[PDB]
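Here's a solo chain for you in structure tokens, the form deposited in one PDB entry.
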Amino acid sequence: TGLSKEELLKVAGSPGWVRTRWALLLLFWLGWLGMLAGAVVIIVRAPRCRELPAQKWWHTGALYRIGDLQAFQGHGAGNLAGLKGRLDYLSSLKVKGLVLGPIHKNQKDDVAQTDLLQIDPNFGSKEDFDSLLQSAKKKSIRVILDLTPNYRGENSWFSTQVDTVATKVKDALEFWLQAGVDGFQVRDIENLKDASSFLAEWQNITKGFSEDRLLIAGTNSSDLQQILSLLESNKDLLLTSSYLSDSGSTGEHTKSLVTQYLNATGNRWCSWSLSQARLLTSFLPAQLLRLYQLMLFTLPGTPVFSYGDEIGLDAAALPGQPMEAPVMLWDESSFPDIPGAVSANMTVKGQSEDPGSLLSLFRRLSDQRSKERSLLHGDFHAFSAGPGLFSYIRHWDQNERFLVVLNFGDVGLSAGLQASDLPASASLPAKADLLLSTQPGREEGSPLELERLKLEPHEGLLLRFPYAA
């Protein structure tokens, strides 16, 4: 066995080997403390964390407007308990709320015979309503109660004396919060005299019980300056309007509205909806339906939708139907008046199996909006590109970055995405993976080149690329 023995070693290992043993021992704890602070250097000159901005429940996904229950289901089932089975579909969409109503007692056009506290018995009773809230709250879908008083007439706010009309609203906010609703909505407040004083008082009342409650409001106004008068003293007030509803159909015109409405408010929470009551097919042609959706689910704010917006519910494509509240379609047996006027593609069921349908587009987008921390509360910066485009970037602290490319014209172009203005924290790479498209005909997963990106007429793109430098 090849060695030097215990006693023969103690002869040979002593002389000056003690000093080269104490030297290698002392070089250890220096090379250890050298690696110690050499790690402590990296932990101090490391980029820290943005703290997370205390989100509320409506920040995290779309809402859903349901005005006519009658349509919402059909005939025979147009009630609250028949609505209660639809939450399996509403959680199929991953919404976070429901604009529900108005459901109170409105005969017609009368102040003394319109009580906001009593339900209308064409829907059910309070115990049916408490069944709805309790069944919804198990799936974590909140319920927002619409309180527009004259929801059956021409003027919504009873053109005679108004301080008793607001007094009816003053106690109705107290009543339904005790039943446990999580938000309200008034509408058409251009028919309200002195809107900005009553809204700010009701905002003091909606926040008067807790802070997990919101108060949406509507108007038909598309004036950028008129909205800000309403948002003057009120800042934690959502406000949907017809601001995006006027078309133009061009990107730089659309780019101008989104940037200015963000610039004039600064950086608060918006609510990106085309109108206050109607659908998207009221204001868009047949090929732009696939293209807004994506933009709506990606802008900084709460997208607000109506029923049928995910299936392309067109009232013009189906005669014998009320424009205000079209047949909530579901299947082929959904339009019972004229059979054969509904194709397979049109209902909820026929599109729920096609991976290229418009409803299939809605579930992928509402997925990513409710999970990706960039699209939740990342910051918004758009940049310039070609003449008929609108591109922008969502990006938070160190998470996944997103890139949206929209072509609002019918001429096939290239990108020309000159950044030239973005920070290094949101600086573009050369290549980035593709997440989805609106038109089929792309390789989902392959990293495309942005300088050699060619666009098709009416095609949206959502891409992604990680945090790097």
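Don't overthink the numbering: it's just position in the shown sequence, from 1. C-alpha atoms forming the largest set that superposes within 1.5 Å between two forms make up the rigid core.
Beyond the structure shown, there is the form deposited in another entry, which is absent from this document and is the topic of what follows.
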*Tell me, please, whether between the shown form and the other one the C-alpha of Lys454 is shifted by 2 Å or more, with the rigid core used for superposition.*
no
*Align both forms on the core first, then report whether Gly34 has a C-alpha shift of 2 Å or more between the shown form and the other one.*
yes
*asked:* Taking the rigid core as the reference frame, tell me whether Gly445 has a CA displacement of 2 angstroms or more between the shown form and the other one.
replied: no
